[PDB]
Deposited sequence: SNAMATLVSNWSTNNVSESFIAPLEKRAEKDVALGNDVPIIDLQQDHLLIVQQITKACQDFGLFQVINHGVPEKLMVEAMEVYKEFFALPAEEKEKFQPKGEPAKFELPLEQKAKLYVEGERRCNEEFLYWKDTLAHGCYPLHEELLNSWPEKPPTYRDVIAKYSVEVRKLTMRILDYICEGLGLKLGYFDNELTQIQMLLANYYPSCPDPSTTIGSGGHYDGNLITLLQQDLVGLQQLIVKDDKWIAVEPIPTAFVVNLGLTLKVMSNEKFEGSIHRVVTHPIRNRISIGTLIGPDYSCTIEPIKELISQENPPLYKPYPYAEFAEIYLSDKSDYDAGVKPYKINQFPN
């Protein structure tokens, strides 16, 4: 496995160097000793195991007008079941916003299992906290002031809990800024561009896989790579994974961070509305970066 595993209790400068190199080379890495309670990660996975085992009577409560929603605008934050492209569906996703944790938002979350709201609220807070630490390591690697992304660029925090039914014998960037993913079974693969080859991202049940989204690829002016990754169906196990997809509010304007831009390293994208990007990203799957192709410049 060539995917870096970065221990967040090493000396501070080694963390920054390792994260920086991973962001430049792959756009994907794993973190361990990351400060999120292991007992909470286990409880959250147990919550989704139970949720996906509930009977139809419960699951229908998350299916607007009798069927799962699609990832299409407007992308609401209330909890809903989603599907995304059929295969030989292939994936059920429970998704909802998590930030800020409002009463009206929490009130849309599952009531069963009865621990869902307490466990997943605590998990959201912890995963967010860790996500903001990692962005700050990225700030130091890019030479940006700490806290640069602690604003509307991280205003939206979508939890996407995925269930992949087994089959005996899908690639994308995430369009947002940064994603943390918890898994405990093989199935996640990263595209190694230089070989045009898919490789396994080893499942470490107490680690988080960190992958950079298209928005960060653009804002770093391609100093950092976004991760192109996919999931292959498990031949034996139903697989569950928990993604926390953090990024801009839909009222944001995305552009290469001006402080990174020079005469020698000009901007590679013009500014665009995130909401306009989001529409293309969700609709046009003709290429991985179709969402940002209309904004490319200096090529």
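Q: Please list, in sequence order, every stretch of the deposited sequence that lacks C-alpha coordinates.
A: 1-35, 124-129, 211-217, 348-350 are the stretches of the deposited chain that have no C-alpha coordinates in the structure.
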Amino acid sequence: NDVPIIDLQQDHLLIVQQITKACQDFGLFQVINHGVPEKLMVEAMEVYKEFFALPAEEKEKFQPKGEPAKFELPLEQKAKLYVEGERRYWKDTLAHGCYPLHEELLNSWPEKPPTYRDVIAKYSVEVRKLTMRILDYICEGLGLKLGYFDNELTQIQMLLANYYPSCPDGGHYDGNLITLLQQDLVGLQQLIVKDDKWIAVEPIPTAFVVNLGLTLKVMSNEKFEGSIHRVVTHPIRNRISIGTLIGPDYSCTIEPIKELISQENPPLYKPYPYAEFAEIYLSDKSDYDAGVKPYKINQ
From here on, numbers count along this sequence of modelled residues.
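Q: With reference to the PDB entry, specify whether the mean Cα temperature factor is higher for 6-14 or for 271-279.
A: Per the deposited B-factors, the answer is 271-279.
Q: For the stretches 76-84 and 158-166, which has the higher mean C-alpha B-factor as given in the deposited record?
A: The entry gives the higher C-alpha B-factor average to 76-84.
Q: Looking at the C-alpha B-factor values in the deposited entry, which of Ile192, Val186, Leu146, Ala121 comes out highest?
A: Of the options given, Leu146 has the highest CA B-factor in the PDB entry.
Q: Determine which member of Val42, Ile257, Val36, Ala56 has the highest CA B-factor, using the values in the deposited entry.
A: Among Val42, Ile257, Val36, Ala56, the PDB entry lists the largest C-alpha B-factor for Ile257.
Q: Using the B-factor values recorded in the entry, state whether the Cα atom of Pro266 falls in the lowest, middle or highest third among the modelled residues of its chain.
A: As the PDB entry reports it, the C-alpha B-factor of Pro266 lands in the highest third of its chain.
Q: Please place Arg133 in the lowest, middle or highest third of its chain according to the CA B-factor in the PDB entry.
A: Middle third.
Q: Tell me, lowest, middle or highest third: where does the Cα B factor of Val125 rank within its chain?
A: Middle third, going by the recorded CA B-factors of the chain.
Q: Using only modelled residues of the chain, where does the Cα B factor of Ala69 rank: lowest third, middle third or highest third?
A: According to the entry, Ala69 has a C-alpha B-factor in the chain's middle third.
Q: Using the B-factors in the PDB entry, rank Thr215's C-alpha atom against the chain and give the third, lowest, middle or highest.
A: For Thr215, whose C-alpha B-factor we compare with every modelled residue in the chain, the answer is the middle third.
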